[PDB]
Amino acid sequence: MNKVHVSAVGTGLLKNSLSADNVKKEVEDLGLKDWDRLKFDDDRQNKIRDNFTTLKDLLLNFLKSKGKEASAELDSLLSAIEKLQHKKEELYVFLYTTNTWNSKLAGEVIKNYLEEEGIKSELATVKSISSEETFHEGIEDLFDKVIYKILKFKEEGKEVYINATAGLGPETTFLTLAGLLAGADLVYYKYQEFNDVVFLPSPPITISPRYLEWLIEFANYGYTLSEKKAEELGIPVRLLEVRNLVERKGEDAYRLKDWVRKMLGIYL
């Protein structure tokens, strides 16, 4: 399994499955009508939790019935595997989703489907983003659960392919960017439109070397300074502050942002 595909999983499968009368019936009977849009802390998440095994089998039967197009994630994954001619014996699919019952339901059904197709996979869960505070925690969690896994796959000598299709705006862009900094080989994307997988300009990137030297220096003075130590060591803290890398936390001091610490994990 030298060929890893990485993909987020959303709730599109749950929404699509309401097209089957048997699923719609069960979802309405359980009181789960808008199950594909439940927020992280909606009490109706607990109806999914309580019925998890029976909802898994129900959605796996639906997906078996309808095929890969029931999941935009499966659809992009399996199309890309076909287009790249990756063999099942060489494949590992790293799925991730938010730690919410509706998302985990989708992820486990996709994992079970791939395993019956003879493709090994895992499902990792990341904190939900429900607010601006939790956005930053969510990003850090993506570094720990996903980006560091990419880095480790690359150090084992695996090829890593990122499915940009699935996910909400900012998480997919962050996944792609940080994924490429971690050494991912290629990013792809399926348009439903023309039913074909394209390869994004996936240039291999690094943190700008001027900036990486300054940032590694910070991680030798704790994780703050005073302004006469930054101009001291040729660090344009104004430019660091505009580019969102330091926060004036001190009172003429500067401070190194937690996501930046996580990211230095790629290099140190």
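Heads up: residue numbers just count along the shown sequence, starting at 1.
Participant: Taking the recorded C-alpha temperature factors, which stretch has the higher mean, 67-75 or 93-101?
Facilitator: Between 67-75 and 93-101, it is 67-75.
Participant: Is the mean CA B factor in the deposited entry higher across 37-45 or across 232-240?
Facilitator: The deposited B-factors put 232-240 ahead on the C-alpha mean.
Participant: Considering only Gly138, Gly167, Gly118, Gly183, which residue's Cα atom bears the greatest B-factor as recorded?
Facilitator: Of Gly138, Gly167, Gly118, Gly183, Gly167 has the highest C-alpha B-factor.
Participant: Between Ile205, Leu32, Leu215, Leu58, which carries the biggest CA temperature factor in the record?
Facilitator: Spelled out: the listed residue with the top C-alpha B-factor is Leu215.
Participant: Taking only the Cα B-factors deposited for this chain, tell me whether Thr224 sits in the lowest, middle or highest third.
Facilitator: Answer is highest: the recorded C-alpha B-factor places it there.
Participant: Looking at the temperature factor on the CA atom of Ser128, which third of the chain's modelled residues does it land in?
Facilitator: Its C-alpha B-factor, which the entry lists for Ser128, ranks in the lowest third among residues of this chain.
Participant: Thinking about Cα B factors across the chain, which third does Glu122 belong to?
Facilitator: Lowest third - that is where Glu122 ends up once the chain's C-alpha B-factors are sorted.
Participant: Where does the C-alpha B-factor of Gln85 rank in its chain, lowest, middle or highest third?
Facilitator: Middle third of the chain for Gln85's C-alpha B-factor.
Participant: If you rank the chain by CA B-factor, which third does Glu171 end up in: lowest, middle or highest?
Facilitator: CA B-factor rank for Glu171: highest third.
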